[PDB]
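In our numbering, the protein residues as written are 1134 to 1441.
All C-beta atoms, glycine included, are put in the ideal place defined by N, C-alpha and C.
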Ligand SMILES: */C(=C\C(=O)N1CCC[C@]1(C)C#Cc1cnccc1-c1[nH]c2c(c1Nc1cccc(Cl)c1OC)C(=O)NCC2)CN(C)C
Ligand SMILES: [Cl-]
Ligand SMILES: [Cl-]
Ligand SMILES: [Cl-]
Ligand SMILES: [Cl-]
């Protein structure tokens, strides 16, 4: 039962632009619900259409639940000059930016944990019949360095009870993250999300390299058909790279399931230095909420698509 809570414009203070791009415009603000002195840091999204963003709200409200650690939750919507979505501010931004900016303190334990968490979030969505269709490092957000959530439901589709696939029309889509069958046939499944997951893992393990850098999107299907894939990141031992390679198998049903990826990456996270080789790993640290001074980090922080 999908509900949308309408939040009054007057309940938001200190609204400031955070960034714009393919996803629209995102602002940060403080939400003060009437009848509370609680001030909640929020992110606020609008497109650049009203209908498009309501489709995203619908999907997000549909998949929310009491226990939902790794998928962004819609707090509500605001009707202003635009229709806006409201969510909890993720103060450390997106994981693509995070891994580029904190490379020198990202250890093996963080990378593997992020892999587990994304897989848990995707398994959660699969259980709710949701095909995300846009999983990428740019669309994973960082609540704390130890805790990430999947975002951007702009392309996501709910499968009917009898449906195993979504067939798309001619909209703009992220070719370099897509399964071969999605490029050729516009077919999307849970197993095509698994392909995108493998690309997402590659982005993390390269500390935010661009996939197939300097290769035109029009050439990707031919590269994949020839058996070529993204290269082995230097930190990755063979077992980690083989997971990625299994995610990029031609046969969709041969690819790992999210349930299996949770288990495998959890196993690796139990012995992280066995699976990723990072110079100075043991000497690295990132802010954690168990730190006395974590609040410092928070204040400091809080303060792709082509036509097929
Ligand atoms: C990713 C960086 C990035 O997203 N940044 C850099 C500074 C601002 C910005 C845009 C942000 C943010 C942010 C912060 N907190 C929560 C969410 C988001 C957000 N960012 C993106 C999406 C986000 N999700 C939002 C935002 C508001 C409201 C809702 Cl309901 C919601 O969930 C859908 C998103 O939807 N798509 C991607 C960006 C690297 N660049 C993306 C390249
Ligand atoms: Cl974890
Ligand atoms: Cl979107
Ligand atoms: Cl194959
Ligand atoms: Cl692309």
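Do residue i and residue j have their C-beta atoms within less than 8 Å of each other?
i	j	result
residue 1267	residue 1287	yes
residue 1137	residue 1209	yes
residue 1186	residue 1159	no
residue 1232	residue 1337	yes
residue 1219	residue 1140	yes
residue 1205	residue 1282	yes
residue 1308	residue 1350	yes
residue 1222	residue 1150	no
residue 1334	residue 1377	yes
residue 1409	residue 1212	no
residue 1241	residue 1412	no
residue 1181	residue 1152	no
Starting from residue i, trace the alpha helix (DSSP H) both ways and give me its first and last residue.
i	result
residue 1408	1405-1408
residue 1428	1427-1435
residue 1402	1391-1402
residue 1335	1323-1338
residue 1136	Residue 1136 -> no alpha helix (DSSP H), and no H or E assigned at all.
residue 1439	Careful: residue 1439 lies outside any alpha helix (DSSP H) and carries neither H nor E.
residue 1345	Residue 1345 -> no alpha helix (DSSP H), and no H or E assigned at all.
residue 1372	1371-1380
residue 1356	1353-1358
residue 1316	1313-1318
Along the chain, where does the beta strand (DSSP E) containing residue i start, and where does it finish?
i	result
residue 1154	1145-1154
- Message: List, from N- to C-terminal side, the alpha helix (DSSP H) runs of 4 residues or more that fit wholly inside the segment 1232-1298.
- Response: 1241-1260
- Query: Are the segment 1360-1379 and the segment 1336-1345 touching by the rule of at least three beta carbon pairs closer than 8 Å?
  - Reply: yes
- Item | Sufficient close CB pairs (3 or more, under 8 Å) joining the segment 1238-1253 to the segment 1420-1429 | no
- Enumerated in chain order, which unbroken segments of the beta strand (DSSP E) with a length of 3 residues or greater are wholly contained in the segment 1165-1240? 1173-1179, 1209-1212 and 1216-1221
- What residues sit near ligand 4, counting only those whose C-beta is closer than 6 Å to one of its heavy atoms, in chain order? 1382 and 1383
- Query: Around ligand 3, what residues have a beta-carbon under 6 Å from a heavy atom of it, in chain order?
  - Reply: 1156, 1189, 1285 and 1287
- Query: Of all residues in the structure, which have a C-beta closer than 6 Å to any heavy atom of ligand 2, taken in chain order?
  - Reply: 1246, 1249 and 1250
- Item | Three-pair Cβ contact test at 8 Å for the segment 1384-1391 versus the segment 1344-1364 | no
- Contact shell at 6 Å, judged by CB to any heavy atom of ligand 5, ordered along the chain: 1307, 1308, 1309, 1350, 1437 and 1439
- Please determine if the segment 1319-1326 and the segment 1290-1300 are in contact, where contact requires at least 3 C-beta pairs separated by less than 8 Å. yes
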